[PDB]
């Protein structure tokens, strides 16, 4: 069985500068996201670890999507360079065809006082590669929708995460 990596890259832009975005969206995700987006995320529960590298966490989805769950593994947190690396180790997306999906979310500063959210998705493949363009685009739409709610909240409550 052939091993490969299908790599997809995308960017989101934010008005919020990287330090604030990282404190909010990444370092306090488990608390902030189920609160702002209840329909999208019901809860975030740590199964193993203290929230840092090696942490295993089960995310349960709300009424918005065809609610299942996902199990993420924290691979890396760079609090200086605003890098968050994690893998989907249990979920609907995984099959005999896709064994693992590793992610890297980097926050880059904009000269206008904002951020560029750079997301890389690495689909670790086994056998014939068959990835639907619509399935990837739907993930990108859900990620930008959740993110837009993060930006709004942050702009409505400017003192939060400073």
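Residue numbers count along the first chain shown, from 1.
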Tell me which stretch, 94-102 or 37-45, has the higher mean Cα B-factor listed in the entry.
37-45
Regarding 81-89 and 67-75, which shows the higher C-alpha temperature factor on average in the entry?
67-75
Tell me, lowest, middle or highest third: where does the Cα B factor of residue 155 rank within its chain?
middle
Ordered by C-alpha B-factor within the chain, which third holds residue 5? Give me lowest, middle or highest, please.
lowest
Assert third(CA B-factor, residue 26) within chain per record equals middle
So where's residue 60 on the chain's Cα temperature factor ranking, which third?
highest
Give the position of residue 50 by CA B-factor within its chain, expressed as the lowest, middle or highest third.
middle
